Amino acid sequence: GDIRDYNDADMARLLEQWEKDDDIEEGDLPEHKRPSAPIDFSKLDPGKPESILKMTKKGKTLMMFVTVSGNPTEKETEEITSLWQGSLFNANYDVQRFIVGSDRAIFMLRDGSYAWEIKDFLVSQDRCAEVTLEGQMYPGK
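Cut-offs and rules
Residues numbered from 1 in each chain as written, not as in the entry; some residues may be left out. Heavy atoms only, no water. UniProt positions renumbered as here; feature names shortened; annotations may be inferred. Core = buried A, V, L, I, M, F, W, Y, C linked by side-chain atoms within 4.5 Å. Buried < 20%, exposed > 50% of the residue type's maximum accessible area, 1.4 Å probe, protein only. Helix = DSSP H or I, 4+ residues; strand = E, 2+ residues; numbered from the N terminus. Contact = heavy atoms within 4.5 Å. Domains from an automatic or database assignment.

What the entry reports as its method is solution NMR.

The protein chain is annotated in the PDB entry as Mesoderm development candidate 2 of Mus musculus. Within the Protein Data Bank, this record goes by the title "NMR Solution Structure of Mesoderm Development (MESD) - open conformation". Here is the UniProt Subunit (literature references left out) comment for the protein chain, exactly as written: "Monomer. Interacts with LRP5; the interaction prevents LRP5 from forming aggregates and chaperones LRP6 to the plasma membrane. Interacts with LRP6; the interaction prevents LRP6 from forming aggregates and chaperones LRP6 to the plasma membrane. Interacts with LRP4; the interaction promotes glycosylation of LRP4 and its cell-surface expression." The UniProt entry for the protein chain carries the following text under Sequence similarities: "Belongs to the MESD family."

Take a look at the structure:
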């Protein structure tokens, strides 16, 4: 306590957060104790994001908009998409495929793991074609 100015000013500005806590607390004791009896929850923290399982539900309407032809004749898209419908199902890849938009073949996946795998199979053709995802195109990270 050799200098008032620095102490009160700077130290209060530093302790401001602590004083704020004390001020909003006002020393009122709540009946609410730590509800977690097994500290092991915060001790270990399982890491398993169960939230995803709680957030997920059946009804994966995620499709890939595959602009195959680019030519008015819907035939081309139907032919190639039915060929894919063959090969995929023959490869045990049971997926949903519809032709809405003469050029746009939509592949709706009930799965996800092999999303880029089937996508690869699609773009594996010389033409490549436009294969977009409903919404955004995210591989994962």
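*Asks:* Mind showing me how you'd approach the nonpolar core here?
*Replies:* If you look at soluble globular proteins, the nonpolar side chains tend to sit buried side by side. Formed by 16 residues in total, the largest nonpolar core has its most connected members in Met64, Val66, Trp84, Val95, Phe107, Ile118 and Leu122. Elements with a minimum of two residues in this core: β1 (63-67), α4 (74-90), β3 (104-108), α5 (115-123) and β4 (130-133). With near-sequence residues (within four places) excluded, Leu122 lies in contact with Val66, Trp84, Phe107, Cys128 and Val131.

*Asks:* What should I look at first to understand the domain arrangement of the protein chain in this one?
*Replies:* One frequent convention defines the size of an interface as the accessible area lost when the parts assemble. When cut into domains, the protein chain gives domain 1 (1-28) and domain 2 (62-135). The gap between the C-alpha centroids of domain 1 and domain 2 is 65 Å.

*Asks:* So what exactly am I meant to see when it comes to the environment of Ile24 here?
*Replies:* Position of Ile24 among the secondary structure elements: in helix α1 (residues 4-25). Residues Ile24 and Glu79, spaced 55 residues apart in sequence, show a C-alpha to C-alpha distance of 70 Å.

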